[PDB]
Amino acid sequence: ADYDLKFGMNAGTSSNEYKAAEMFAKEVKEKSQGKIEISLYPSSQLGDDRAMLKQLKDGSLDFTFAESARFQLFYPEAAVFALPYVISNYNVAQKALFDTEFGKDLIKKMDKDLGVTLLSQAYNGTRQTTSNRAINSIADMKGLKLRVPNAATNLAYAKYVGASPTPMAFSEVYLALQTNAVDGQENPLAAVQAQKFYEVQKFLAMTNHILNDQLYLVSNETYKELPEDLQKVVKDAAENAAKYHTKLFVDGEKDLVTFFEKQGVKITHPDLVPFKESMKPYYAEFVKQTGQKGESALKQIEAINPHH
């Protein structure tokens, strides 16, 4: 009521992201004694993630989600977070961001250059590929009309495996799939469930190509105005919500394959060696474009042990 704040997201009301944001909103309201109320704006009501990041910068939106990789729009080396097959697991994603020089620098720059404060990081699933025909091997990708988000790294995944990428906003995907304007898409299993893409896709291939994190971000214009006791409430609530957010994704990844099979989806397990070898020229291109900053980030990440 004193602070009527807004949290925008691309995800919808059935999603894990929305569930975690609800938990965050409820904890902030309770622990602030009602001084802060957070309203949720799902389903790209305020724009996509690129638009909502701009709104955080300007101070017209208070909170939003982004992947670490999405900062490639400003810092090309940050694409390293979404180079296909580079980041093996969430353990690596966490250490890449918080425990490398490159990641620490990125967090500083988001605050200083972009006016956003990183509150917490969660896991947001590993992307897989759905389609209207079976993907039994890399050969089946050739010429497949694959929807991707408006992001360079996803476009590259599609191009380098031989598909024909079609960029479009998340909100447009169900209808594109329903009408077969595209042949498939790619997203974590949880998003396939939340958006009901299983109603309009018969096949799911475990391509395991890009791992997504999720950052809880606040606008500096809003965070700086909170008394420090309320800043702590927001920070602590974001870290609690991120743990819950991660749990939701980890649990679903165990169970969701079975759910899809019961819904009539056929699951394939193509040999991933040719998918990985197909990305080698893209890694080369990334280093050529981003120079020593990129080569260095890639080496810092490749050094991380994936085992807990």
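Here, rigid core means the biggest group of C-alpha atoms that superpose within 1.5 Å across both forms. Throughout, we count residues from 1 along the sequence that is shown.
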Comparing 181 to 189 with 234 to 242, which has C-alphas lying farther from the shown form in 6 other deposited structures of this protein once the core is aligned? 181 to 189
After fitting on the rigid core, which stretch moves more in 6 other deposited structures of this protein, 271 to 279 or 35 to 43, going by C-alpha RMS? 271 to 279
Which of 138 to 146 and 185 to 193 has higher mean CA B factor, as the PDB entry lists it: 138 to 146
Ranked by mean Cα B-factor in the entry, 119 to 127 and 194 to 202, top stretch is 194 to 202
Which is it among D62, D49, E37, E239: the one with the largest CA B-factor in the entry? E37
Rank-wise, by C-alpha B-factor, drop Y90 into the lowest, middle or highest third of its chain. lowest
Split the chain's modelled residues into thirds by Cα B-factor; is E285 in the lowest, middle or highest one? highest
Within this chain, which third does the Cα B-factor at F259 fall in: lowest, middle or highest? highest
Should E295 be placed in the lowest, middle or highest third of its chain by the C-alpha B factor in the entry? highest
Against its chain's modelled residues, does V80's Cα B factor rank lowest, middle or highest third? lowest
